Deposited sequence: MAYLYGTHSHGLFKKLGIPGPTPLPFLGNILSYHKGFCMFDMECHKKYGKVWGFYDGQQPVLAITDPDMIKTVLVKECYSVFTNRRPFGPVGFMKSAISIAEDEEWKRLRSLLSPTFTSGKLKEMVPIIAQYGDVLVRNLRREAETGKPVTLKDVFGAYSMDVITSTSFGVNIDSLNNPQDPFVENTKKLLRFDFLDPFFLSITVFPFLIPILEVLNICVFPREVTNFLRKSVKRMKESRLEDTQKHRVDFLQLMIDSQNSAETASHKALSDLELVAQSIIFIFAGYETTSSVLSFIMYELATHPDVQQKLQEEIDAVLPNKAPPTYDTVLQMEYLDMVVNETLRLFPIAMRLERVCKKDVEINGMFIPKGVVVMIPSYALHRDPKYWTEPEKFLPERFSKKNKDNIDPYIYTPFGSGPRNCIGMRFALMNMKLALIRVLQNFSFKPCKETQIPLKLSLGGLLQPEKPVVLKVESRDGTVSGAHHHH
């Protein structure tokens, strides 16, 4: 096999089994595998997903080279991951020049400029979220964050991308909202993906049969919805769809299905991500009352008598930013960053052969006792103006880095912050019947709690 590769390069790592590579070692999940390999093998190690070699790197200089310096030349693409269909055109899945084009075509849709006019729309569902909370606060019902935050994230997506304005929490049976509750992110350690990892030679077989990891039911509904959405009815708005089709006017030439694929990927991208992070944040706040109180104190100072948050007031809130950042340190939901090596290359004193997947293990790096004092504790002061400088931007990578980092980063931060401001203005959050303390991470392929976070909401 290719199983002698790392032994031949003098690169250490877990010894692999025939066919399986090292995938049995994922029985405790990616992040714990990554943590242990790091503690056992040091700064660089290798393992095999089936026959695919994967080189883990932890040196910031080396991480910078891969993510920033040699992105266009060598490390342009992610690992191809399964039968994908037309979604091959989605920006996050596209490769080389097709990616570079789509990235350029879609960049203007993520400038601070037009993010600001997205704010009132998002904001509108800040208030929606509140009443839904108030209804469950007044009746002292312990609250499923994942649900209420899930619905909020949906609402913000529907409206910001297509103009569909639905309180999804109380409209769960609406054609749009229902399996546009969707695309949930892929458990790459579930049996289907474990199998394609061992038999990647079966992927073209699935492709030919038009089998797709993206449910074609959901994909159908949307492609048509978008289509319909282009009568064109306008025959203003400031959503993603129109920011996307108004770019089809005036290199370039964004196809109309390609466009659909991006619409799909933006949901898949920002639905479960936003709501998962928002839940992890509320969990930390409830289990750290002083931090929650400080945050509410900051919010009431910037926005007196419960003032409506604005673009500029959001950015003004420093403790908020620290609380969001520190939650992302503990729970970097992407878990690893990856690029495929396109050419034989020697970087920072190490030769890396063509075809290796270079992997940066963000979860393991975010909790490395070398860059982080008492790494398991939730300590927002890590990110204060004072201590912020001692943080390496290639150790701390919740949104990746370089030309291929999270394109939706500014929007996600703004989104979450708006929601957290509006929520914290009206409620205090407290541990409860359920509350798994400490929180227990799932052993699956997703960075999420084992049991869903539930908390009491009390009206201020």
How would you list, in order, the spans of the deposited sequence that the model does not cover?
1 to 7, 243 to 246, 262 to 266, 477 to 487
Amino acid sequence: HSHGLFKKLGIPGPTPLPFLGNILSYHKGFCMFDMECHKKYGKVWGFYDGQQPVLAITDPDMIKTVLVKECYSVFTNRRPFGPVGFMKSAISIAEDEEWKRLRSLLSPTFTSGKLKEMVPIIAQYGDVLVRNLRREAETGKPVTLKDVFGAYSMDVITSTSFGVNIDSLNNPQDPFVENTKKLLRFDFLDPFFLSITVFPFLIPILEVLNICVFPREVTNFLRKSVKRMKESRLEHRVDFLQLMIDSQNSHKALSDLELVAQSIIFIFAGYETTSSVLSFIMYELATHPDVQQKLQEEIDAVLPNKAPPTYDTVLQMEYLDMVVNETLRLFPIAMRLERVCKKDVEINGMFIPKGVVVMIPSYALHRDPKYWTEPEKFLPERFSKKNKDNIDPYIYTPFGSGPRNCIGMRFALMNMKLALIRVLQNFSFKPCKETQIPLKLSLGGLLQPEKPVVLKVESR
From here on, numbers count along this sequence of modelled residues.
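Take the two forms, superpose them, and find the largest set of C-alpha atoms that agree within 1.5 Å; that set is the rigid core.
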Of 285 to 293 and 163 to 171, which departs more from this form in 6 other deposited structures of this protein by CA RMS after core fitting
163 to 171
Quick note, superposing on core in 6 other deposited structures of this protein and taking C-alpha RMS, the more shifted stretch of 219 to 227 and 319 to 327 is 219 to 227
Other compared entries missing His251, a third or more:
yes
State whether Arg237, though modelled here, is left unmodelled in a third or more of the other entries compared.
yes
Per the entry, higher mean C-alpha B factor between 62 to 70 and 46 to 54
62 to 70
Comparing 4 to 12 with 449 to 457, the one whose average Cα B-factor in the PDB entry is higher
449 to 457
Have a look at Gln293, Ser362, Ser232, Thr273 and flag the one whose Cα has the highest B-factor in the entry.
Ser232
Looking at the C-alpha B-factor values in the deposited entry, which of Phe378, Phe240, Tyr319, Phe266 comes out highest?
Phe240
Sorting the chain's modelled residues by C-alpha B-factor, tell me whether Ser401 ends up in the lowest, middle or highest third.
lowest
Ranked by Cα temperature factor within the chain, is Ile391 in the lowest third, the middle third or the highest third?
middle
Modelled-residue ranking by C-alpha temperature factor, third containing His38
lowest
Would you mind checking where the Cα B-factor of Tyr283 ranks among the modelled residues of its chain, as the lowest, middle or highest third?
lowest
Give the position of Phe162 by CA B-factor within its chain, expressed as the lowest, middle or highest third.
highest
